[PDB]
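Same protein, same chain, two forms; see structure 1 and structure 2 below, as structure tokens.
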Structure 1
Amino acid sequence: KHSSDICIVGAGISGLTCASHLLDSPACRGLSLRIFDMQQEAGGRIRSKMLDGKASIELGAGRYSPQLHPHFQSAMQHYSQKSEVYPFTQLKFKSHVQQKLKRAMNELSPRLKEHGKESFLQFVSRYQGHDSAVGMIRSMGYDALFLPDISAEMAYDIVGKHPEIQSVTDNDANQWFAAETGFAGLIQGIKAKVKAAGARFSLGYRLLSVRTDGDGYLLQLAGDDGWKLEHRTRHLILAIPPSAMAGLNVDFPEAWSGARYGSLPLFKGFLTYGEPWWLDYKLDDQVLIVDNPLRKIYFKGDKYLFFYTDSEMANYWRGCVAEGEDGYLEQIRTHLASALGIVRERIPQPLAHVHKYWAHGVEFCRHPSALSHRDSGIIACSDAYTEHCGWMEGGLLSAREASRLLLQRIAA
């Protein structure tokens, strides 16, 4: 028999936190808990690596704020993970274009009850024309701000919650932190506690379909080596994002809430060198926002540099990687030269590099913390159902509602 009292599908931060709240409850004593994830490691969109075995880099989530994410900060402290300052909170090379929009967003601000539901592009193109609003929006380096899908009110929220651009609004006093050893250290800590309390992990299995089976459920899964597996459980939490809920047979979203749901792709590229050649330019711990395809360029101490893009520009770099490594590195070299106002020859070739593309990097909200299927009583858990859609903090908030909803299914 492959069975369990409680089953959680998804071992990101949401699924693992669900598991930990449940095992804390006296009402779960003597119940068995099983956790599935289609990946071979837990963590989901938290993915830490060593670049050339020298320094730790974040391929997914990278930074947090005590002002915006107090539950995440508390989790770091509870599991004895050390934080370090995240330096990329100002631009040394602020333009008047950047300066204008600060003032532009302040003056346009009251028109947001009037027009706040139209797109951010349509909104801003009233101050001056359309051409002028394109130059202002581009200077913030997040291309998702150009989507029709993103409203003016949504964009003011995005802008004010990101460290590179937060001073454009009046959130210039928020502080930002990174993990010394990488956020995978927090994931490992939660996983270890969950295992020590008796939960059993089955990594490398993908859920394909769910069917109600009297008072319980039957799950069909597929291992990454082809092995088919059936699992029966009495209580089910689906701790996966909306994009993955839609791939099941569970009538998502109509049977779960009114909303529709959307997502953005994200791309990050990291490069190391034989010598930290940007110290002469005094670029260490600085971020440059530029119009060319790198968009946002970061220099991390004397260790490495990287760039970060979303939406159409993320898809641009992923297609460029597919056409060959050679041209990819040569394209980066050209755009590093433009951004620094020098020639191509002054920029060395790298020793090593690494990149990551996330087809559904941010999944958002277009609404209670966690969801229930009206008929079957399955619970859904994701950062996209919260006010912190797009952030680890949202995963923690959804997990605590979701584990609450399930504790009342068990005591009913």
Structure 2
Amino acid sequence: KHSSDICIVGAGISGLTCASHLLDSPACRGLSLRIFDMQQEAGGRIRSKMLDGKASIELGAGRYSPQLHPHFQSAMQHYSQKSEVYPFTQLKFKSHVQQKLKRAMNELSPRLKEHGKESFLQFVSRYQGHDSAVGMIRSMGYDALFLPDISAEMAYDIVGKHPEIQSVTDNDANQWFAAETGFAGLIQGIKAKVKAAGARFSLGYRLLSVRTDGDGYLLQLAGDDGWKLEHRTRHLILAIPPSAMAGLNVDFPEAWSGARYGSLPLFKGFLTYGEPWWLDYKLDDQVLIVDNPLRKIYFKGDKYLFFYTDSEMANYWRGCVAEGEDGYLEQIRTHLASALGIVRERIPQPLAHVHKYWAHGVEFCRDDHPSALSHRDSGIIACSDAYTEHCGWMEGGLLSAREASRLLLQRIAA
């Protein structure tokens, strides 16, 4: 009828990888696989574009570290995707305050296990001043570091494992790379392997409902053009983020794990120009962290620039775009001049610009934790980056995927 042996929902690097680690196994010879995804394209939070012709840009994930993420490096080589050196690993145009970061936080780790699980702003604020702790943090660029849920021990892990301000640790042993053609090439590689082993894709359809009926599961999905449809599958993987799980009839997260989950929004805007004006300032392949609302400002070669914000600042910029595209472009050039110490009529307007916003850009856990969850009752398997040590990286996907593969192949064998 309209059915399958195994069903994976979600075609991010997680669910896509789940499928490969399953077709790989003979325990699955003959069994049919069907994969759904809301988007019409595969890759989830991995989306790569070509910016009005020209070159390839990265609206989602953009870099990896062979040191931090060893499995992602093997998936790159496995599907033979060329990497390139990621340029934005430290700071030339350091202001006054982003020179004291290293001397401070190196000697600002006496109470890492003496104060403890305190929120991270009220930790750094108990030894330097507050009107001087809001200055040291805001000069690191990530506004994730001002929040109640994230803690002081959670917040130093974010400093050391992000390329632009890891030099504020013993963490320059980390090299950083980006995909030469975009991570889209990795996703297309996996997608090809899985179609070839005979899985069947159904992109465009979004899952709304699951009932258990007997041996398997009955899913209610809504294509993106109104068409509803149902799928019965005997085994079911829900490789989607934890914000996605709440949307469903599946007791999330009580039935899966005694944990709570959070999320932060992210925003990126890209700008290309007729003449590549920013070279007169020796700003090739470099990055400026600023107090103004742009926050992080990146200059890729002589081809485009872009900026990257989070939390409240992400929600700041989704606000300007709502009131009007021109108001948006006029405000970032105001802030661009502010940042270069120049007048706003020295800053050209762009030809082409694009921009994406992620309502749940990064999903994480509070506070142990297995790499994949299961329903205590119905044995649905849930796979996501958020359930792993590396909540928030592609490595989290690859780990949760290898896991959920074996949890499901168990549910099959014997």
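By rigid core we mean the largest C-alpha set that fits within 1.5 Å across both forms. By convention here, residues take numbers in order along the sequence of structure 1, the first being 1.
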property	result
Listed options 191, 100, 161, 206; Cα moving by 2 angstroms or more between the two structures (core superposition)	100
Residue 65: CA movement between the two structures [superposed on rigid core, Å]	0.3
Displacement in Å of the C-alpha of residue 110 between the two structures, rigid core kept as reference	3.1
Distance moved by the residue 126 C-alpha between the two structures (core-aligned, Å)	1.0
